[PDB]
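Student: Following this message is one structure expressed as C-alpha cells.
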Amino acid sequence: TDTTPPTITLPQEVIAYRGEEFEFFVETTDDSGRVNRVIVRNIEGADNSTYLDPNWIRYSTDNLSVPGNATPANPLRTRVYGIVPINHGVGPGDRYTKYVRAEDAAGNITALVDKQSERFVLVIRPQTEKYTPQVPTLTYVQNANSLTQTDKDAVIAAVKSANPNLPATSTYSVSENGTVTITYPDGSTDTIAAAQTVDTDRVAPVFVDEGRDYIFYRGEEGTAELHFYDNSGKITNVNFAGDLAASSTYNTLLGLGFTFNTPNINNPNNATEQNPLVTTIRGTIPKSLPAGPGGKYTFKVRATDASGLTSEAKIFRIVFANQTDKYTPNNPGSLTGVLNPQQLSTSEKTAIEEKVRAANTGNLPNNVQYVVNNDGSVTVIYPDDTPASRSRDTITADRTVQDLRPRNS
Ligand SMILES: CC(=O)N[C@@H]1[C@@H](O)[C@H](O[C@@H]2O[C@H](CO)[C@H](O)[C@H](O[C@]3(C(=O)O)C[C@H](O)[C@@H](NC(C)=O)[C@H]([C@H](O)[C@H](O)CO)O3)[C@H]2O)[C@@H](CO)O[C@H]1O
Ligand SMILES: CC(=O)N[C@@H]1[C@@H](O)[C@H](O[C@@H]2O[C@H](CO)[C@H](O)[C@H](O[C@]3(C(=O)O)C[C@H](O)[C@@H](NC(C)=O)[C@H]([C@H](O)[C@H](O)CO)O3)[C@H]2O)[C@@H](CO)O[C@H]1O
Ligand SMILES: [Ca+2]
Ligand SMILES: [Ca+2]
Ligand SMILES: [Ca+2]
Ligand SMILES: [Ca+2]
C-alpha cells in the first residue's frame, strides 16, 4: 500500500509590492503519480482546516485528482496569486507565513508543523523598494535656487525620459531648487537630489564659425552655413542687429534680397555640439558691388539660450570675389589654321570661338563672352565683369592658332 505522502517544492520567501499583483507556483509530486488535493492555510486551526487569511491571497490547481498529474516530469502545479491592497502597511511586521499541504489518492497527507513544514513567507514591500530612478540629463537654468515653471516642466520631462519603466501612474514634483520627488501609486516616494537635476546656466552660446570668411562670387547665388551650439543644447534666438553698427550692415544685406533662415530655432534640443543650430544665409552679391580690398561686409552676431544668457557679439565676414577666381577655361580640341598670325581674318576668328565655346560647355557659365583678338588669343569675359572689378581670363595664341604659311625651299 502507498504509505508515503507527496513532496512539495516552493520558494521560501515571496516579495510582493503593495498595490501590484503577485503570483508564484507550487510543485507537487507523489511516488504513485497522483495527487488529490493541494491546500494553503494559516497555521492555526484543526488538522482538516482550510481557513486562510487575508481574503486577497488566492490559489488554484487546474488538474486535481487525475492519473499522471504529479510525477518528476509532469509535476502538479498550484498557482498562488493576488493583488496586495493599495493601503497595506510596509512595516517589518507586514508579512505572512502560510502553510502548504498535499494529499495523494490513498489518503497520505503531508505533515503540518509550525515553522518547520512546507511554507512560504509573503513579504509586503513599498513600490519604491522595487524601482531605482535613473539620474536625467542636466537641465541648465537662470537661477538654480529659484526654478521657473518652465524649468520645473523641463526637469520632469527629462526625468520621465530617462525612466520609462516607472509606473505609468507615478506623479512628479520639482522643488524650488530642482529636487525631484517621484511619488508611486502606493504613496511611497523617491528623490533625485538637485545636484543631479539642475545647474545654473553660466556659459553663453558658442559661434563655431567665429572669424570665418564666406566667399560670395559676384553674380552667382551662394550660401553661408553658420553654426552655433550651447552647453544647454538649446538656443532661442540668433541676433544680427545687436548694436547700431551690426544693425546697419545686416540691413544692407537684406536690401540686396538676402535671406537668413534658422529652421530649428523654435525646437527643443536644437543646438548641441554634435547636431549644432544652423543659420543659412542665401543671396547674390550683384556685379554692381566690386571685389577687392573693401569688397566685404563685417557682421556681428549674438545668440541667446533659454536661461537668457546672451553671448558677446562675435564676427564673420562675407568676402566678394570675381568669377574668374572660380573658373579655368578649357583649351580647344584642336588649333585653327591662320594664313597670317599677325592678323586673323573674320572667318578665322569665328572658327576659333566655335572651338573654344565647344570645348568649354559644362565648364564655364553658359553666358560667358569670348573675344578673339587680332593675334588669335582669346579674352574670356565672365558675366560679372565690370570696369571697377574685372573678371576675365586669357587663352594664349599658342593654344588656339596654327601658322599655315609654307616653309622655305
Ligand atoms: C504552534 C505553536 O507552537 N505556536 C503557534 C504560534 O507560532 C502562532 O503564531 C503565529 O505563528 C506563525 C507561525 O508561522 C507566525 O509566526 C505568525 O506571525 C505572523 C506571520 O508571519 O504569519 C507575523 C506577522 O507580522 C503577521 N502579519 C501581519 C500583517 O500582522 C502575521 C499575521 O497576523 C498572521 O498570518 C494572521 O493570518 O502573523 C504568528 O502569529 C499562534 C497561532 O495564532 O499560536 C500557535 O499556534
Ligand atoms: C560703434 C562705434 O564705435 N563706431 C561705429 C563704427 O564702428 C561704424 O563703422 C562700421 O563698423 C562696422 C563694424 O560693425 C564695419 O567695420 C564697417 O565697415 C565696413 C564692413 O562692414 O566691413 C567696410 C566695408 O568696405 C563696407 N562694405 C561695402 C560698402 O561693401 C561696409 C558697409 O558699408 C557696412 O557694413 C554697411 O553697414 O562697412 C564700418 O563702416 C559706423 C557706421 O555704422 O558707426 C560708428 O558709430
Ligand atoms: Ca504516496
Ligand atoms: Ca526606490
Ligand atoms: Ca547656456
Ligand atoms: Ca580664372
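Student: State the Cα centre-to-centre distance between the range 121-195 and the range 311-390 in whole Å.
Tutor: The two parts, judged by their Cα centres, are 69 Å apart.
Student: Same structure again: Hey, if you put +1 on the Cβ of every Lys and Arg and -1 on every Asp and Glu Cβ in the chain, which of 40, 259, 360 ends up farthest toward the positive end of that dipole?
Tutor: The residue sitting most towards the positive pole is 360.
Student: Mind checking which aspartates and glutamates have their Cα closer than 13 Å to the Cα of residue 287? Skip sequence neighbours fewer than 8 apart in that chain.
Tutor: 220, 221, 384, 385
Student: Which residues' amide hydrogens lie under 5 Å from the amide hydrogen of residue 139, considering only partners 5 or more residues apart or on another chain, with H built in the peptide plane?
Tutor: Result for residue 139 returns 198, 199.
Student: If you take the square roots of the eigenvalues of the alpha-carbon gyration tensor of the chain and sort them as a ≥ b ≥ c, do you get rounded (a/c under 1.5), prolate (a/b over b/c) or oblate? Mind showing how you got there, number by number?
Tutor: Details: a/c = 7.62, a/b = 2.67, b/c = 2.86.
Cα axes put the chain in the oblate bin.
Student: As a quick test, which of the pairs 160/234; 326/349; 130/160; 234/296 have an alpha carbon distance above 21 angstrom in this structure?
Tutor: Working: 160/234 19 Å; 326/349 26 Å; 130/160 17 Å; 234/296 31 Å.
Flagged as over cut-off: 326/349; 234/296.
Student: 222 nm [θ] for the chain, helices only, -39500 (n - 2.57) per DSSP H run of 4+, per residue, to 500? If you can, show how the numbers build up before the last one.
Tutor: Details: 5 runs with 48 residues, N = 409.
It comes out at -3500 deg cm²/dmol, rounded to the nearest 500.
Student: Could I ask something else about it? For residue 324, what charge total do you get from the other residues with a beta carbon under 9 Å from its beta carbon, if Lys and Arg give +1 and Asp and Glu give -1? It would help to have the intermediate numbers written out before the result.
Tutor: Values: positive: 326, 390, 392; negative: 325, 384, 385, 393.
It works out to a net charge of -1.
Student: If you build a Gaussian network model of the chain, linking Cα atoms that sit under 10 Å apart, which residue out of 210, 312, 354 swings the most?
Tutor: Highest fluctuation of the listed residues: 354.
Student: For residue 300, list the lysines whose Cα falls under 18 Å from its own Cα; do not include residues on the same chain fewer than 8 positions away.
Tutor: 314
Student: If you don't mind, there's one more thing I want to ask. Quick one: check the C-alpha center-to-center distance for the range 75-120 versus the range 230-283, whole angstrom.
Tutor: Spelled out, the Cα-based centre of one part sits 70 Å from the other.
Student: Most mobile of 239, 367, 275 per a Gaussian network model of the chain (Cα springs, under 10 Å)?
Tutor: Comparing 239, 367, 275 in the GNM, the peak value goes to 367.
Student: Let me ask something else. In percent, what relative contact order does the chain have, based on Cα pairs under 8 Å that are 6 or more apart in sequence? Before the final figure, lay out each step's value.
Tutor: Details: 872 pairs, mean separation 46.8, N = 409.
Relative contact order comes out at 11 percent.
Values quoted throughout were computed directly from the atomic coordinates according to the rules given, and no laboratory measurement underlies them. Heads up, the Cβs are rebuilt from the backbone with ideal geometry, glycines too, and the neighbour counts pull from every protein chain shown.
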